[PDB]
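We begin with a single chain expressed as structure tokens, specifically the form deposited in one PDB entry.
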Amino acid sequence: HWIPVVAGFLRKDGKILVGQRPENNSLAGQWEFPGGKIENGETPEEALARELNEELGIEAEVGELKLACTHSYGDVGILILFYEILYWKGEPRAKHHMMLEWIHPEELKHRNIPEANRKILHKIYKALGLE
């Protein structure tokens, strides 16, 4: 089976937004880009706009598709679509995550990130125009 997921790159003076997953979460304490699952009927952009509102309290315009990655957890596949988010109203707040931080994208390496995300870190850097 496959699970499609969307994630947004929001930037602030070169830095990028990450959220720390809340207590008793599947990846409690690990740092990720905001986003979530695509629901039946939704375009990936519709899903991401919804998730950014639900997670961050912002109304975001979804920009260009930058990257798609797969990972496997046994017989289940995850397909993640990463979009550039250039424009939004409001400032992100930790409605879902236990903390939000704006980090230098080079920082991602040394952060406590999901094991599955580290494996695609080089593609993320390339998509973000790095190294």
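We call the rigid core whatever largest set of C-alpha positions still superposes within 1.5 Å between the two forms. In case it trips you up, residue 1 is the first one in the sequence shown, and so on. Shifts are known only where both forms have a C-alpha.
We do not show the form solved in complex with a small molecule, though everything after this point is about it.
Novice: Does the small molecule come within 4.5 Å of any heavy atom of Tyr87 in the deposited complex?
Specialist: Looking in the deposited complex, residue contacts with the small molecule do not include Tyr87, since no heavy atom lies within 4.5 Å.
Novice: Using 4.5 Å between non-hydrogen atoms, is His104 touching the small molecule in the deposited complex?
Specialist: Answer no; every heavy atom of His104 is more than 4.5 Å from the small molecule in the deposited complex.
Novice: Please determine whether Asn112 contacts the small molecule in the deposited complex, using a 4.5 Å cut-off between heavy atoms.
Specialist: Taking the distances in the deposited complex, the answer for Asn112 is no, it never comes within 4.5 Å of the small molecule.
Novice: Is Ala116 close to the small molecule in the deposited complex, meaning a heavy atom pair under 4.5 Å apart or at it?
Specialist: Heavy-atom contact with the small molecule at 4.5 Å: present for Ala116.
Novice: Do all of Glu45, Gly63 and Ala68 end up near the small molecule in the deposited complex, with near meaning a heavy atom within 4.5 Å?
Specialist: No, the whole trio is out of contact, none within 4.5 Å by any heavy atom.
Novice: Pick out the one residue among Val76, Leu86, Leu65, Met98 whose C-alpha shifts by 2 Å or more between this form and the one not shown, once the rigid core is superposed.
Specialist: None of the others reach 2 Å, which leaves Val76.
Novice: With the rigid core superposed, can you list, in sequence order, the 3+ residue stretches whose C-alpha atoms all shift 2 Å or more between this form and the one not shown?
Specialist: In sequence order there is one run that relocates between this form and the one not shown, which is 73-77.
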